[PDB]
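In: Give me the fold of what follows.
(6 chains)
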Amino acid sequence: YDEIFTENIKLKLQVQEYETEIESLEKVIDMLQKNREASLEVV
Amino acid sequence: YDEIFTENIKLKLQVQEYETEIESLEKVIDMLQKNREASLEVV
Amino acid sequence: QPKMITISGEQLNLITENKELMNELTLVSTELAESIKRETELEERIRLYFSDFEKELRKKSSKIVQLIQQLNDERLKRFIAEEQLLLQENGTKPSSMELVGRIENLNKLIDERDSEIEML
Amino acid sequence: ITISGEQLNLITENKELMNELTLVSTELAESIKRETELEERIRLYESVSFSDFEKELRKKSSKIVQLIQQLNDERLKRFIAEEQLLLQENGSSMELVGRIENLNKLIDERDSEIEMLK
Amino acid sequence: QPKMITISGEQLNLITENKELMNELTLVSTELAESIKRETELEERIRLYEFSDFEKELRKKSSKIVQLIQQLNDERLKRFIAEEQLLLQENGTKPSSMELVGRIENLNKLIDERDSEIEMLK
Amino acid sequence: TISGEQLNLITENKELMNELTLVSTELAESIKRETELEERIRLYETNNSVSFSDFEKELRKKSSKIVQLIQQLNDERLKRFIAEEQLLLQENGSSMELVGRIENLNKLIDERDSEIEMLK
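Out: Numbers count the residues shown, from 1 in each chain, chains lettered A, B, ... in the order given. The coordinates are given below.
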């Protein structure tokens, strides 16, 4: 029906916000562990 | 149509997998403040 | 009350201003949280009792500012990682963290009760 | 003074801080309206409906991010403040526990003068 | 070659057996990847030529069920690595006390790869 | 010294043989796809849904494998960094010898590759 097309909208969008939440948690993890070790480097 | 219906039947899963990646990703973040202390506790 | 500073010039005319909008952004946001919940108390209420070519673009407009919000949230939450790290670095044990924290939340409750002294 | 030893860190440029303040008064704007319609429909009882059920589903996870934004922006603020005062003269622990002890007494006193008027 | 643990009782049978399965696993993960690459390649030529919904779910929900396990799993071993790294980095004190072994196992995996060439070349 | 490392890392082997059967079980799953595809094609240059499902049953395997190869790298990366901790708590690992074997190992790549061009 049309309601099945409606979910085919918000979930088509709700994917594209996770996909950039998932990204942003890599962006910290990457820049985070090399910040922990940067302490010891400046220690 | 019914291809519009299949998009539902796959997005509802693709969202779900991204849901548990997100919770898992924080579950490795909220264990670092507990690692961050144990190091500077024994540094 | 935790701000120190005495002259420094127009910067105190800036930093005591930016603290306002911070202690006031959480006001608009929590007094909007108390609003949004009630919609569900009316939405869930309904069950026991439009246009598709623009339903998307009235949510894509809300989806986009949720891409920038999430991205902004994370790069900032990591801006607190190092700078809390360097504090737990430059300090060592009994956190000055939780003190200034439980100090600031205390002003709020005063600032949430003294305002009521002036409501009465 | 030390108008330069600061430099940056951080709440500088509120030209974004007030932006969030507008983009949240607006999501506040499209909320009471959003709720009065429903409130009226039940009041007038005792497509669009679904749109507003899911269009409010987007303001939650919008605020919930900004409510977190401040908290971390705060938690970020709670610390570079000492990153300045230590690079300055001093911040400390004995002093702050000093101000807590007075504040609770001031709270209780102000809580007191609340319980007297009504 | 960087294993040692010469006696230590009979546990040496174990840690060896698995280092002989994990390599065997990356060698079969490397395999699986190539056939998908050989398959999506084909899927493009299929594209050039231009089902049971309720049933379909059973065969898809099942394959997604390991995925939820996997990312829950992946993130778990992503925790123990980045903390057991520090416990050794602490000890390590600068110029890479760990990376050295990381460049080793790359090499010891080419040696065996060249062994296979000679072995096929019998 | 046994009970000393206790967990170390490389425990639970019946878990290790579990991942292996999967990928080998998934290998059989990828080939049968490949065939019918490889067959369907030559049908289109000789004779000149289920198609859409084996599609969405292969994109799903393209993450499982991507997981395990990520899983297996962070399964073995963790090892090298646990193997050293044990050897330090024992006698030692370390900074020198690890650079020594590397050099001879390159020689071992060289003196292997001499015979590779030898036979052919």
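In: could you pull out the helices for chain A?
Out: A:3-42 (DSSP state H).
In: Ok, chain C next?
Out: If you assign secondary structure with DSSP H, the helices in chain C sit at C:12-47, C:52-55, C:60-89, C:96-119.
In: What is the burial count for the residue in chain A positioned nearest to chain E?
Out: Going by CB to the nearest CB, chain E is nearest to residue A:33 of chain A, at 5.5 Å. C-betas here are computed from N, CA, C, even on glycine. Close neighbours of residue A:33, defined as other CB atoms under 10 Å in any protein chain shown, add up to 16.
In: That one contacts residue E:83, doesn't it?
Out: No. With contact defined as CB atoms under 8 Å, residue A:33 does not count as touching residue E:83 (9.9 Å).
In: Common neighbours of the two, please.
Out: With CB atoms under 8 Å, 6 or more residues apart in numbering or on different chains applied, the contact sets of residue A:33 and residue E:83 do not overlap.
In: Excluding chain neighbours, what is closest to the residue most central in space within chain C?
Out: When chain C is reduced to its mean C-alpha position, the nearest residue by CA atoms, centre = their mean turns out to be residue C:26, at 3.9 Å. Here the nearest residue to residue C:26 in space, its sequence neighbours aside, is residue D:70; by CB to CB, 6 or more residues apart in numbering or on different chains that works out to 5.0 Å.
In: Contact partners for the closest residue to chain B within chain C?
Out: Of chain C, the residue with the smallest distance to chain B, taken as CB to the nearest CB, is residue C:88 at 5.9 Å. Residue C:88 makes contact with B:36-37, B:40, C:95, C:97 under the criterion CB under 8 Å, 6+ apart.
In: Redo the residues you listed as TSV? Include neighbour count.
Out: Supplementary listing: the contacts of residue C:88 in TSV, determined by neighbours: other CB atoms under 10 Å in any protein chain shown:
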residue	neighbour count
B:36	19
B:37	12
B:40	15
C:95	14
C:97	16
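In: tell me which of those residues is nearest to residue B:11?
Out: residue B:36 (37.4 Å; CB to CB).
In: The closest one and residue A:39: what is the separation?
Out: Computed as CB to CB, to the nearest Å, the residue B:36 to residue A:39 distance reads 10 Å.
In: same question, residue C:20
Out: Remark: distance between residue C:20 and residue A:39 (CB to CB) = 34 Å.
In: more neighbours, these two?
Out: When neighbours are counted by other CB under 10 Å, residue C:20 and residue A:39 differ, and residue A:39 comes out ahead with 16 against 12.
In: tally of neighbours for the one residue in chain C that gets nearest to chain E?
Out: Closest residue of chain C to chain E, CB to the nearest CB: residue C:85 (13.1 Å). Taking other CB under 10 Å as the neighbour definition, residue C:85 ends up with a count of 19.
In: quick revisit: residue B:3 is nearest to which of the helices of chain C?
Out: Ranking these by their distance to residue B:3 (criterion: CB to CB) puts helix C:52-55 first, at 16.9 Å.
In: How about that closest one, which residues are buried there?
Out: In terms of neighbour count (16 or more other CB atoms under 10 Å in any protein chain shown), helix C:52-55 has its buried residues at residue C:55.
In: export it as CSV, just CAs?
Out: Once non-C-alpha atoms are left out, helix C:52-55 reads as follows in CSV (Å, rounded to 0.1, in the frame of the first residue of the first chain):
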residue,chain,number,x,y,z
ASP,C,52,3.8,12.0,0.3
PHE,C,53,5.6,14.3,-2.1
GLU,C,54,6.4,16.7,0.7
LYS,C,55,6.3,14.4,3.8
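In: Which elements pack onto that helix?
Out: If you count contacts as 3 or more CB pairs under 8 Å, 6 or more residues apart in numbering or on different chains; DSSP states H and E, helix C:52-55 packs onto helix A:3-42.
In: Quick one: list the elements packing against the helix it packs on.
Out: Using 3+ CB pairs under 8 Å, 6+ apart as the contact criterion, the elements in contact with helix A:3-42 are helix B:3-27, helix C:52-55, helix C:60-89, helix D:48-55, helix E:53-92.
In: For the second one, what is the distance to the chain centroid?
Out: Put simply, helix C:52-55 sits 33 Å off its chain's centre (CA atoms, centre = their mean, to the nearest Å).
In: do the first one as well
Out: Computed by CA atoms, centre = their mean, the separation of helix B:3-27 from the middle of its chain amounts to 11 Å.
In: May I see the buried residues of that helix?
Out: Residues of helix B:3-27 classed as buried: B:6-11, B:13-14, B:17-18, B:20-21, B:24-25 (neighbour count, 16+ other CB under 10 Å).
In: Just name the closest of the residues you listed to chain F, please.
Out: When the buried residues of helix B:3-27 are compared for distance to chain F (CB to the nearest CB), residue B:10 comes out closest, at 6.2 Å.
In: check contacts around that closest one.
Out: By CB under 8 Å, 6+ apart, the contact list for residue B:10 reads E:60, F:56.
In: Quick check: the residue of chain A nearest chain D.
Out: Ranked by CB to the nearest CB, the top residue of chain A for proximity to chain D is residue A:10, at 5.5 Å.
In: For chain A, what's its nearest residue on chain C.
Out: Among the residues of chain C, residue C:74 lies nearest to chain A; the distance is 3.7 Å by CB to the nearest CB.
In: Verify the contact between that residue and residue A:22 for me.
Out: No. Taking CB under 8 Å as the contact criterion, residue C:74 and residue A:22 are not neighbours in contact, 10.6 Å apart.
In: from what I can see residue C:70 touches residue A:21, true?
Out: Yes. The pair residue C:70 and residue A:21 qualifies as a contact (CB under 8 Å) at a distance of 5.0 Å.
In: Good, wrapping up.
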